[PDB]
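J.: sequence-free structure coming up:
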Ligand SMILES: O=C(O)/C=C/c1ccc(NC(=O)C2(NC(=O)c3ccc4c(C5CCCCC5)c5n(c4c3)CC(=O)Nc3ccccc3-5)CCCC2)cc1
Ligand SMILES: O=C(O)c1cccc(OCc2ccc(Cl)cc2)c1N1Cc2ccccc2C1=O
């Protein structure tokens with residue numbers, strides 16, 4: 001069937017920001033019929049996955065627990081209440097949620113309505129490698145339905161992926177754990193070869209059968225009867241497909257593929273990508289595979305069979321993925337250096353700690369992080385990508401020297417060091433106080449994140465070239481600015497002094513011997529690197 005059907009009604013509104021004006025261009029790309037052919041490899045992997053899902057015991061969340069996971073600025077319900085009413089457990093909000101839950105238990109077939117919208121994302125004007133990328137489309141059900149999804153499936157999507165995929169489940173890893181996983185996988189092979197596999201419009205390639213197969217995996221959990229019925233009804237009425245309504249309440253058409261804004265998007269995508277890829281690995285006869293899956297993002301590390309054999313095994317892997325309805329965007333290329341693999345937009349790099357000991361860390365091209373941070377300094381945004389980049393890329397040269405320096409100077413000037421800010425980590429929203437950044441960084445990357453040096457010539461040149469292209473002052477200016485930011489922070493004592501001492505130790509003439517932060521141990525990061533929730537409408541306050 002057609003991934004989408006369009007009435008022609010417009011997807012109306014809610015260096016450059018992506019808008020609803022480019023929606024037509026995205027719609028054309030994501031609209032196609034799917035041809036899927038399953039085989040024995042696919043069926044074998046599925047049974048193996050279900051056998052692992054069978055160990056999971058999932059709990060039904062109470063209305064109250066589901067309400068607390070709702071972001072304060074989550075889209076308002078069309079039934080007369082908003083995210084604040086949900087969080088406060090208001091009568092109107094709660095009564096409506098209960099009527100939605102009751103309807104899921106009673107009605108097993110009627111499709112549930114969804115809103116289609118163009119996402120507003122910031123990208124950098126690259127007139128060299130073509131032009132502007134069209135807006136991604138977000139498809140999501142009403143607030144009432146989203147709270148019900150949490151009651152039925154929050155525990156499932158949070159526990160089942162790890163139980164099924166084990167060490168292959170990418171969302172269980174902090175940045176420090178992810179780099180360690182990739183390094184260990186690479187070092188475990190006699191002659192390693194790795195590749196990233198990019199699926200063209202993954203959500204659109206997800207068939208109705210894939211969504212049912214995905215439910216068959218959920219159904220292996222020990223579940224409460226109402227949770228079991230809610231999952232059965234949500235699959236049939238929402239996950240497999242449904243009608244699309246624009247922001248003006250006009251009918252846009254229909255969807256028979258993955259909705260990007262449902263609780264199960266990340267879990268469903270990860271399970272589907274893993275299933276198809278593990279089966280394709282067997283079809284291609286790739287030897288001693290290690291996979292790392294994050295939604296539609298896949299990395300494979302295996303034993304090289306020779307350069308021509310590897311090129312042949314990758315074409316075979318691609319042919320199998322195509323049969324499973326997961327054709328590629330760019331065709332995959334074998335890599336023989338771990339650093340040359342880009343996965344989840346990141347690459348492994350090496351640096352040294354204070355004692356000259358080798359330290360692996362993940363980095364990326366800083367153009368998009370810098371452009372987005374420039375947009376965020378210019379104007380207010382719901383999520384602060386600068387903060388998530390400081391958190392995730394804390395050991396990088398660019399995040400330490402530019403992002404930490406710039407934003408700490410703004411926070412000092414505005415006296416907003418104590419003001420909690422929202423940021424996204426693996427699709428979940430976190431309200432974070434910037435004064436807590438040293439404790440966060442020590443926990444995710446280790447104490448050495450504050451003492452890294454001997455950055456590679458390639459990394460230094462990529463950062464330096466980027467600054468020049470974007471009209472950002474050179475590294476020497478940042479060192480000078482960080483010294484002043486640091487001095488002001490030190491003079492304040494408490495957490496502010498800790499930010500100064502730890503975050504800006506790279507800036508000083510004579511580096512201080514840094515000791516572990518005592519408050520870092522008592523920091524509750526239990527919900528941080530457990531699962532992915534892209535489009536899942538999840539919130540946590542640290
Ligand atoms: O010795 C040498 O050879 C050169 C010396 C030199 C060169 C330029 C300066 N610039 C400045 O002082 C000013 N801008 C900045 O001091 C500045 C700071 C951050 C900037 C950022 C981002 C960096 C990441 C955090 C958010 C802010 C961007 N741009 C920045 C400029 C340049 C800019 O204007 N916009 C963009 C656009 C896209 C991406 C980045 C930028 C402030 C007043 C006058 C302009 C200072 C010294
Ligand atoms: O962007 C996403 O939603 C996303 C999706 C899949 C896998 C990811 O991380 C996988 C990874 C883990 C650690 C590192 Cl150092 C890089 C990549 C994602 N990341 C990347 C990111 C960078 C900065 C702020 C937040 C996020 C975030 O959530």
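T.: Cool, got the structure. Numbers count the residues shown, from 1 in each chain. Ligands and ions are numbered 1, 2, ... in the order given.

J.: can you show me the helices along the stretch 151-300 of the chain?
T.: With helices called from DSSP state H, counting those that start in this stretch, the stretch 151-300 of the chain shows them at 175-187, 202-205, 208-218, 225-234, 265-283.

J.: please identify the deepest-packed of those.
T.: Comparing the helices of the stretch 151-300 of the chain by mean neighbour count (mean count of other CB atoms under 10 Å), helix 265-283 ranks first with a mean of 25. For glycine as for every other residue, the C-beta is placed from the backbone atoms N, C-alpha and C.

J.: show me what that one is packed up against.
T.: Packed against helix 265-283 by the contact rule (3 or more CB pairs under 8 Å, 6 or more residues apart in numbering; DSSP states H and E) you find helix 40-53, helix 143-165, helix 202-205, helix 208-218, strand 287-294, strand 297-303, helix 307-323.

J.: residue 305: which of the helices of the stretch 151-300 of the chain is closest?
T.: Of all these, it is helix 265-283 that lies closest to residue 305, at 12.8 Å by CB to CB.

J.: check whether that closest one comes near ligand 2.
T.: No. Using CB under 6 Å from any ligand atom, helix 265-283 stays clear of ligand 2, coming no nearer than 8.2 Å.

J.: so does stretch 445-464 get close to ligand 2?
T.: No. Using CB under 6 Å from any ligand atom, stretch 445-464 stays clear of ligand 2, with a minimum separation of 8.6 Å.

J.: now the helices and strands packed on helix 265-283 as a markdown table including distance to residue 171?
T.: Output for these, formatted as a markdown table (distance: least, CB to CB, whole Å):
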| stretch | distance to residue 171 |
| --- | --- |
| helix 40-53 | 16 |
| helix 143-165 | 7 |
| helix 202-205 | 16 |
| helix 208-218 | 16 |
| strand 287-294 | 6 |
| strand 297-303 | 10 |
| helix 307-323 | 21 |
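
J.: which of the three states applies to residue 361?
T.: When classified by DSSP: H, G, I helix; E, B strand; the rest coil, residue 361 comes out as strand.

J.: correct me if wrong: residue 82 contacts residue 70.
T.: No. The criterion here is CB atoms under 8 Å, and residue 82 misses it with residue 70 at 9.7 Å.

J.: what sits closest to residue 254 if chain neighbours are left out?
T.: Excluding the flanking residues, the one nearest residue 254 by CB to CB, 6 or more residues apart in numbering is residue 5, at 4.3 Å.

J.: what about stretch 420-435, distance to the chain center?
T.: Averaged C-alpha coordinates place stretch 420-435 at 13 Å from its chain's average position (CA atoms, centre = their mean, to the nearest Å).

J.: can you put the helices of the stretch 151-300 of the chain in a markdown table and add distance to ligand 1?
T.: Listed next are the helices of the stretch 151-300 of the chain as a markdown table, based on distance: least, CB to the nearest ligand atom, whole Å:
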| stretch | distance to ligand 1 |
| --- | --- |
| helix 175-187 | 20 |
| helix 202-205 | 29 |
| helix 208-218 | 39 |
| helix 225-234 | 41 |
| helix 265-283 | 29 |
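
J.: give the contact list for whichever residue of the stretch 351-500 of the chain sits closest to ligand 2.
T.: The nearest approach of the stretch 351-500 of the chain to ligand 2 comes at residue 388, 3.2 Å away (CB to the nearest ligand atom). By CB atoms under 8 Å, 6 or more residues apart in numbering, residue 388 lies in contact with 423, 424, 425.

J.: now the nearest residue to residue 282 once chain neighbours are set aside: how far from ligand 2?
T.: Among residues not flanking residue 282 along the chain, residue 41 sits closest, at 4.4 Å (CB to CB, 6+ apart). To ligand 2, residue 41 is 26 Å away according to CB to the nearest ligand atom, to the nearest Å.

J.: any idea how far residue 535 is from the spatially most central residue of the chain?
T.: Nearest residue to the geometric centre of the chain (CA atoms, centre = their mean): residue 426, 3.6 Å. Between residue 426 and residue 535 the computed distance is 12 Å (CB to CB, to the nearest Å).

J.: just to be sure, which of the contacts of residue 388 are found in strands?
T.: 423, 424, 425 (DSSP state E).

J.: surely the first one meets residue 392?
T.: By that I understand residue 423. No. Using CB under 8 Å, residue 423 is not in contact with residue 392, being 9.4 Å away.

J.: between those two, which is the more surrounded one?
T.: More crowded of residue 423 and residue 392, by other CB atoms under 10 Å: residue 392, with 24 against 19.

J.: care to break the protein down by domain?
T.: 1-345, 346-542 (curated CATH domains).

J.: run the chain-centre distance for stretch 309-329.
T.: The mean C-alpha position of stretch 309-329 is separated from the chain mean by 24 Å, CA atoms, centre = their mean.

J.: got the buried residues for it?
T.: Neighbour counts using 16 or more other CB atoms under 10 Å place 310, 313-314, 316-318, 320-327 of stretch 309-329 among the buried residues.

J.: that older thread, quick one: which of the contacts of residue 388 is nearest to ligand 1?
T.: Nearest to ligand 1 out of the contacts of residue 388 is residue 423 (CB to the nearest ligand atom; 14.9 Å).

J.: bridging residues for that closest one?
T.: When assigned by DSSP bridges, residue 423 has beta-bridge partners residue 430.
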